[PDB]
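One letter stands for each residue in the lines below.
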Amino acid sequence: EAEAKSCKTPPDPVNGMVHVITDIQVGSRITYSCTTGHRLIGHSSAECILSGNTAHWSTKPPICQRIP
């Protein structure tokens, strides 16, 4: 709970890319994106939360289903 930042940045989703809103500090809320036409199979968002001794993003690795 000091100096902030403790969540490891998520890997770039397939045919997509993650965007940081301001910083990687705990309490923030970044967002995810994908190629035009692909709906985010998740929450389209994240929240840096500590699960004990390791801080990570509450959202699972987003996917792109590709929509006709």
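Method of determination, as given in the entry header: solution NMR.

Some remarks on the state of the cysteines
The final tally for this structure, using the stated rule, is two disulfides. In this model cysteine 7 forms its disulfide with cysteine 48; the gap between the sulfur atoms is 2.0 Å. Handedness of the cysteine 7-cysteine 48 disulfide follows from its S-S torsion of about 95 degrees: it is right-handed. Of this pair, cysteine 7 sits in the segment before β1 (16-19) while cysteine 48 sits in strand β3 (residues 48-50), and the two are 41 residues apart along the sequence. Neither residue differs from the other here; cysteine 7 and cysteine 48 are each classed as buried.

Conventions used here
- Residues numbered from 1 in each chain as written, not as in the entry; some residues may be left out.
- Heavy atoms only, no water.
- Disulfide = S-S within 2.5 Å.
- Helix = DSSP H or I, 4+ residues; strand = E, 2+ residues; numbered from the N terminus.
- Buried < 20%, exposed > 50% of the residue type's maximum accessible area, 1.4 Å probe, protein only.

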